[PDB]
Amino acid sequence: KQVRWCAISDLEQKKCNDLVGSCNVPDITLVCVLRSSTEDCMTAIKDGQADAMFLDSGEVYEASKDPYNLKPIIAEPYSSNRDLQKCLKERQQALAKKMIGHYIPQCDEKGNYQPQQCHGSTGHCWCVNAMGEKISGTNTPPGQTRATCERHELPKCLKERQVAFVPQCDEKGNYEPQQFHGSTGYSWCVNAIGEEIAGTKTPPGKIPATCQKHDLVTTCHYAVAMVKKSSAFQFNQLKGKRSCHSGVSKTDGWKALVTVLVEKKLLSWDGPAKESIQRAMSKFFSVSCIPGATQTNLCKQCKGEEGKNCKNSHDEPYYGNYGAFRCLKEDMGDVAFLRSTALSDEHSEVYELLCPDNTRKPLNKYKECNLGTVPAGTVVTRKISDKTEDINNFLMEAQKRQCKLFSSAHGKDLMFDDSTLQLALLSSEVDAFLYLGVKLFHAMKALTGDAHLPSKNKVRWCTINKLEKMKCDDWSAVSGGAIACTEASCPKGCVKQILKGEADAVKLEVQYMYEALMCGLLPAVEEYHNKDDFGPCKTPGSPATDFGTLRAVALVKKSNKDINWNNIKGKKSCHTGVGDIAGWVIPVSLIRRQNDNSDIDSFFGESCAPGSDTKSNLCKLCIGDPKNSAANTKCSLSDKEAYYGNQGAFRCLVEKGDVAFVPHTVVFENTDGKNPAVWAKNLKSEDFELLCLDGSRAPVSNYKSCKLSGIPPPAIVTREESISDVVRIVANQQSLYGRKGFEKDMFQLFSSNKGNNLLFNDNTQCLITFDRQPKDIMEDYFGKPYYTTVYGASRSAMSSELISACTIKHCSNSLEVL
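Residues numbered from 1 in each chain as written, not as in the entry; some residues may be left out. Heavy atoms only, no water.

Per the deposition metadata, X-ray crystallography was the technique used to determine this entry, at a resolution of 2.6000 Å.

Caption draft 1: Highlighting the sheet that holds strand β11 (residues 243-245). Pairing in this open sheet of five strands is mixed, and the strands run β11-β12-β10-β13-β14 from one edge to the other. Each of the sheet's edge strands pairs with one partner strand only, and the pair in question is β11 and β14 (359-361). Within the sheet, the average angular offset between the axes of one strand and its neighbour, ignoring direction, is 35°. Examined bridge by bridge, strand β10 (residues 223-228) and strand β12 (residues 335-339) share five bridges and lie antiparallel to one another. (Pairing = 2+ DSSP bridges. Helix = DSSP H or I, 4+ residues; strand = E, 2+ residues; numbered from the N terminus. Axes fitted to C-alpha atoms, helices over the stretch in contact; angles between N-to-C directions.)

Caption draft 2: Expanded view of the state of the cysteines. All told, the structure shown has 21 disulfides when counted by the stated rule. Paired through a disulfide, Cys-220 and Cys-811 show a sulfur-sulfur distance of 2.0 Å. Around the S-S axis, the bridge from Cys-220 to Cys-811 shows a dihedral of about -90° and counts as left-handed. One end of the pair, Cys-220, is in the loop between β9 (214-218) and β10; the other, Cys-811, is in strand β29 (residues 808-812), and 591 residues separate them in sequence. Of the residues examined, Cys-220 reaches a relative accessible area of 17% and is grouped as buried. Looking at the unpaired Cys-490, the closest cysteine sulfur is the one in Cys-494, lying at 7.6 Å. (Disulfide = S-S within 2.5 Å. Buried < 20%, exposed > 50% of the residue type's maximum accessible area, 1.4 Å probe, protein only.)

Caption draft 3: Just the sheet that holds strand β4 (residues 70-75), in detail. Read from one edge of the open sheet, four strands run β3-β15-β4-β16, paired in antiparallel fashion. With partners counted over all chains shown, the strands left at the sheet margins are β3 (53-55) and β16 (424-425), one partner each. Here β3 runs beside strand β15 (residues 378-382); their pairing, made up of three bridges, is antiparallel. If you follow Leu-55 over to β15, its bridge partner there is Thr-378. Relative to the sheet, helix α2 (residues 38-46) contacts β3, β4 and β15, its axis offset from that of β3 by approximately 130°. Most of the contacts of helix α8 (residues 388-400) go to β4, to which it runs at about 25°, and overall it touches β4, β15 and β16. (Contact = heavy atoms within 4.5 Å.)

Caption draft 4: Representation of the pattern of salt bridges in the model. For the structure on display, the rule yields 50 salt bridges. Here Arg-82 ties to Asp-170 by a salt bridge, and the two come within 3.7 Å at their closest N and O atoms. We classify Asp-170 as buried; its relative accessible area is 11%. Its salt-bridge partner being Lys-492, residue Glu-429 comes within 3.8 Å of it at the nearest N-O pair. Highlighted residues: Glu-429 in the loop between β16 and α9 (432-436) and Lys-492 in helix α12 (residues 491-499), separated in sequence by 63 residues. One network of salt bridges, in which partners are shared, links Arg-4, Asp-51, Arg-382, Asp-386 and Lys-387. (Salt bridge = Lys/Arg side-chain N within 4 Å of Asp/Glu carboxyl O.)

Caption draft 5: Representation of the domain arrangement of the chain. Here the chain is described as being made up of domain 1 (2-78 + 376-444), domain 2 (225-365), domain 3 (459-547 + 712-772) and domain 4 (551-710). One C-alpha centre belongs to domain 2, the other to domain 3; they are set 49 Å apart. (Domains from an automatic or database assignment.)

Caption draft 6: Just the side chain of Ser-249, in detail. Within the secondary structure, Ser-249 is located in the loop between β11 and α5 (255-263). Since its relative accessible area comes to 19%, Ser-249 is described here as buried. Apart from the residues within four sequence positions on either side, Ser-249 is in contact with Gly-58, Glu-59, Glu-62 and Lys-255.

Caption draft 7: Local environment of the packing of aromatic side chains. Counted under the stated rule, the structure contains 29 aromatic pairs. Aromatic side chains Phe-406 and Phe-416 sit 5.5 Å apart centroid to centroid with 90° between the ring planes, which places their arrangement in the edge-to-face category. With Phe-406 in the loop between α8 and β16 and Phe-416 in the loop between α8 and β16, the pair connects residues that are ten residues apart, well separated along the chain. The two residues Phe-406 and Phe-416 agree in class, both being buried. Plain terms: the ring middles of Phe-603 and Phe-604 are 5.6 Å apart, the flat faces sit at 85° to each other, and that makes the pair edge-to-face. Considered together, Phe-603 and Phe-604 belong to a single accessibility category, that of buried residues. Through successive ring pairs, a cluster of aromatic residues spans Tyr-514, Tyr-781, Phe-782, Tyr-786, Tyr-787 and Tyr-791. (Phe/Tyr/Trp six-rings, centres within 6.5 Å; stacked < 30°, edge-to-face > 60°.)

Caption draft 8: Representation of the UniProt feature "disulfide bond" in the chain within the structure. Between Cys-189 and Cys-211, where UniProt places a disulfide bridge, the two sulfur atoms sit 2.0 Å from each other, close enough for the bridge to exist in this structure. Remark: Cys-211 occurs in the loop between β8 (187-189) and β9 and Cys-189 occurs in strand β8; sequence separation between them is 22 residues. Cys-211 sits in the buried class, given a relative accessible area of 9%. (UniProt positions renumbered as here; feature names shortened; annotations may be inferred.)

Next up, the structure:
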């Protein structure tokens, strides 16, 4: 009902009151809370006095910590080569605007961009490629011969796949990060456009380099040092000069400059624990104006009045990008560190850029002469996110109603960056780490001083609940300083902690492994489930045969001698539940591969897959709690469904179905005497058979040959630098607390009184070292069958916030490179 915005200056407050008066959003009211600086507004948000503000990307990490504890919620989205159906999305977005006579993108039937676009209000038309980018020079006014627009829709990857070294592309025509030559057998990592990255080409037999996924984005902004052409100094002579900065906490005015000076060895500075950054900067520069600084000489050149001087606010006339430009223009400084947004063509006559390679270049060369890319700022609110919905509603409705959010006659960059075109909602999972990305997050963490000192003799194991925390505390109190414990809410959180330098290793099931292998983590050891062959456990060197791996199989009755694999379409099937690997992932993936129609909801007849739509075909013949007529628990994801799990899928197969998709272990578990005594009382394993991929059938005990696919074992993952330590520490702890260790009388790693299946599955025998084979790490862990079947041998089969945080953003002028 009410959204309070925190303004850091009087100009921001004037713009805020203007927006309060003019912008009318129904059911939401804008309130302007005035503070004197950015830190004061962050504190007011932390105290509940305000609801949201805009922060530079260099202020997000320090905002996610005490004494602020804020999180980004809304940010400006970038255009990339991963945008799917951009035309439909942008057309809906334009139609949702309360305005007449604006450009609504025209799309065809399939949802692609029409090669010719037209602004119906003005009559202008132009040509456009697959991503909606205007072909240069094709803008024609009304009454003039139009430019004949052809079809620029073929990605470079498939164009190089023709006329033929044959590269691998994903299902959307983008370059796969890893490239494998067929004739010579080499492996190398490539750019977002297919350019080979240096230092990655590895001959065969050698383990290939871990390739990182790349995305190509447009409209990038940079941090630049701007000088007057009348000056004569270079970059390595900045010491003793007078500088102007946009702000002490901004990337484009501080962080990037400090990083460059530390790299180029210009800044005599020990470290964050030994000396403050501001003190080294005060010793480096002469008099300067750096808003927010706490050293006197760093505020000497500022022009604010008493009480307003050197404050992180527009009350200081030298604050921000344009503030630093004004500080340089009035000869209060010799160089100005700001963003590429403040650059204009009216300045190229008097001003130029100061490149870190000790040369000077014009302004229009900022893409080749900068201190680094600067991500966009964010709207931040409290980490508890009590007002995120109202803030998002107000901002989206203000964008729909064309309110003057990103411009003002009072000044530049008030409230938001004036370069901002559109604000979109970020996923609630996004924090400072998931927003900045792994590399930038760790850079900010090292700059602030929170860089963890790695220990080569202690492993920080991550837990996912309190029972695992208690088991880990036992293991740590008995480990003798070799094991410590961190707490997370889910295995995804454990992977995030490992990527943040806060944890060291964690056991992941196969479903969590893809992302883990996509972010650079490697498997250190693997669980060994073979309850028979001991030897690869007691004397490390005995070659392992069967890892106890579960084999996904399609079980049918020997009564029904018509169900083959080449006709499964239409029959009633049984699944263990939506999400299970052998009970859903393998069969659905295989079906979507084989039959190109790709519609599982209509593929089968009345299958029972617990967790699907109650009204769809995938939730029939599911007897949900027969005794409980006081609730409808049909097709439930829990034990309240009689056909849930392996036992439930076998029940469905025995009672009403024709085929079931289960691991091979269910049959022997629910037949041959060892079975329960309610339904499986006189059932024999010879009364069933397995469907094979060749349309044939086999006895149940042939699960190693007549299998849908194999399931990889759960893998303990860690960073690459910690593999050598984690593996041997696991071996040392296993020689003491394993199934056949020295001191099992104190702690067993594979069982606990605190609970079952904590840290490791109780049925596990031991933890074998992962032998990294010289091929794709994805294909090495998953195995080529699982890789190709489920993820299509591609690194684009899935997408999430973590993978986006682990992707490199390859800046570009446009996506026109195709």
